[PDB]
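> so I pulled this structure from the PDB, and the sequence comes with it:
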Amino acid sequence: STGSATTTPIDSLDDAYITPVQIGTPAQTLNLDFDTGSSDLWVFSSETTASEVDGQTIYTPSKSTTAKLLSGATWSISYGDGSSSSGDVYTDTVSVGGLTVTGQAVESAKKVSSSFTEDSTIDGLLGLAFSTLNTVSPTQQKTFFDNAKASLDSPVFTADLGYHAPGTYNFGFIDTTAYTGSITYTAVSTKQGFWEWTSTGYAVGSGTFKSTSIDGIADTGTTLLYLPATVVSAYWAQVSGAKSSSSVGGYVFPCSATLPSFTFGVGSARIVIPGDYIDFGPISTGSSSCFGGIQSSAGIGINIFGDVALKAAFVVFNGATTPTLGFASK
């Protein structure tokens, strides 16, 4: 089997991407944030505290003939941005782009934090990291990908995120029309439950490539590119007037700037992030200070190849017995 679903930016900054997902019988379609940095499929639901719902589409298990309470199971998750959610669990039929999993754990939110409430466009998350990170207790649950894997033509999914445009998540096949040149594969460590890999270096603009190992995670659920302070300083030093602002919470730059590109290494291959991808616009409405898309990972504890980086590539998440990550230009 295979699946193919279009993913769409939630706003003009590509802050996140939503992908329609069918849950239950008859289908209830919710728009979920596919997150390769976590491993819970959770949804706004008929159980979500009413004051914490503001425009989201909810899953109502009582209206699904295939929903079953997973008795005794609870979940609770906290994300890198400090947001959180928790609740109980149902199993139900879940389909993505024509690919169907029966008996998928659908984690029903009883509580969500303010950032979720405030984002009316995101009806929940669909985790695509390794199932060892799943938070369901006392019986840990598998991700949609893990459940689908044995049925897939090939044990892979791909992320093809657009810059200010829709893109695609495919399951079970590599679309050879969706990228240019060849795919370069690189080793993954699953020790922390992430798609964790080591970039071979970077360049700023037309500058020389610096060979240096940068361990980090491929995380579709993180907006920006978070790298070591040394790397980030070298980037922003090339933008007149750019500075790190503790009041704003990161690097800002004059909105009048033209940003240089940023290149990262994948083995001997190179992925170029155009300068425009690094512009996250005014810090506040009407400001002439703009927020940078490359930020320091210092104090996160991990480097994160988020959407800014991933959307510059066609990315293969290879879930074979020895997992790997592939990157191609597009």
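Perfect, thanks for sending it. Numbers count the residues shown, from 1 in each chain.

> what is the burial count for residue 44?
Burial of residue 44 is recorded as 26 neighbouring residues (other C-beta atoms under 10 Å). C-betas here are computed from N, CA, C, even on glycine.

> actually residue 237, sorry about that
Other residues close to residue 237 by other C-beta under 10 Å number 10.

> residues contacting it?
By C-beta atoms under 8 Å, 6 or more residues apart in numbering, residue 237 lies in contact with nothing.

> any idea how far it lies from residue 275?
Shown here: residue 237 relative to residue 275, a distance of 15 Å by C-beta to C-beta, to the nearest Å.

> and this protein, what are its domains?
5-174, 175-330 (curated CATH domains).

> longest helix in the chain, please.
Secondary structure of the chain per DSSP state H: the longest helix is helix 229-236.

> buried residues in whichever helix or strand comes after that helix?
Downstream of helix 229-236, the first helix or strand assigned by DSSP states H and E is strand 243-245. Neighbour counts over strand 243-245 (16 or more other C-beta atoms under 10 Å) mark residue 244 as buried.

> just checking, what packs against strand 243-245?
strand 250-254 (3 or more C-beta pairs under 8 Å, 6 or more residues apart in numbering; DSSP states H and E).

> so what touches the strand it packs on?
With C-beta under 8 Å, 6+ apart as the test, strand 250-254 has contacts from 232, 236, 239-245, 259, 283, 288-292, 294-296.

> quickly run through the sheet partners of the strand or helix carrying residue 217, with directions.
Assessed by DSSP H and E, residue 217 sits inside strand 210-218. Strand 210-218 sits in its sheet next to strand 196-204 (antiparallel), strand 303-305 (parallel), going by DSSP bridges.

> any buried residues in it, and which?
210, 214, 216-218.

> does residue 247 belong to a helix, a strand or coil?
Look at residue 247: counting by DSSP: H, G, I helix; E, B strand; the rest coil, its state is coil.

> contact partners for the spatially most central residue of the chain?
Geometric centre of the chain, nearest residue: residue 220, 1.8 Å, by C-alpha atoms, centre = their mean. Residues in contact with residue 220 (C-beta under 8 Å, 6+ apart) are 17, 34-37, 128, 159, 161, 306-307, 310.

> picking up where we left off before, closest to residue 314 among the buried residues of strand 210-218?
residue 218 (12.4 Å; C-beta to C-beta).

> can you pull the phi/psi pair for residue 318?
Per-residue torsions, residue 318: phi -90, psi 110 (degrees, to the nearest 10).

> beta-bridge partners for it, please?
residue 156, residue 324.

> could you measure from the nearest residue to residue 99 once chain neighbours are set aside over to residue 220?
Leaving aside its sequence neighbours, residue 99 sits nearest to residue 3 (C-beta to C-beta, 6 or more residues apart in numbering; 2.8 Å). Residue 3 is 16 Å from residue 220, where distance means C-beta to C-beta.

> same check, this time on residue 152
For residue 152 relative to residue 220 (C-beta to C-beta), the value is 19 Å.

> over to residue 91?
25 Å.

> can you pull the contacts of residue 4?
Listed by C-beta under 8 Å, 6+ apart, the contact set of residue 4 reads 97-98, 168-171.

> state the distance from it to residue 46.
In terms of C-beta to C-beta, residue 4 sits 30 Å off from residue 46.

> cool, and residue 256?
Distance, residue 256 to residue 46, by C-beta to C-beta: 49 Å.

> more crowded one of those two?
Of the pair residue 256 and residue 46, residue 46 is the one with more neighbours under other C-beta under 10 Å, namely 13 against 9.

> what's the neighbour count on the nearest residue in space to residue 257 that is not next to it in sequence?
Leaving out its chain neighbours, the residue that sits closest to residue 257 by C-beta to C-beta, 6+ apart is residue 239, at 5.3 Å. As a burial measure, residue 239 scores 22 neighbours (other C-beta under 10 Å).

> surely residue 79 and residue 38 touch.
Yes. If you go by C-beta atoms under 8 Å, residue 79 and residue 38 touch, sitting 6.9 Å apart.

> between those two, what contacts are shared?
Common contacts of residue 79 and residue 38 (C-beta under 8 Å, 6+ apart): residue 221.

> so those two - more neighbours on which side?
Between residue 79 and residue 38, counted using other C-beta under 10 Å, the more crowded position is residue 38 (25 against 17).

> and that one, how far is that from residue 85?
Applying C-beta to C-beta to residue 38 and residue 85 gives a distance of 11 Å.

> overlap of the contact sets of those two?
Listed as contacting both residue 38 and residue 85 by C-beta under 8 Å, 6+ apart are residue 77.
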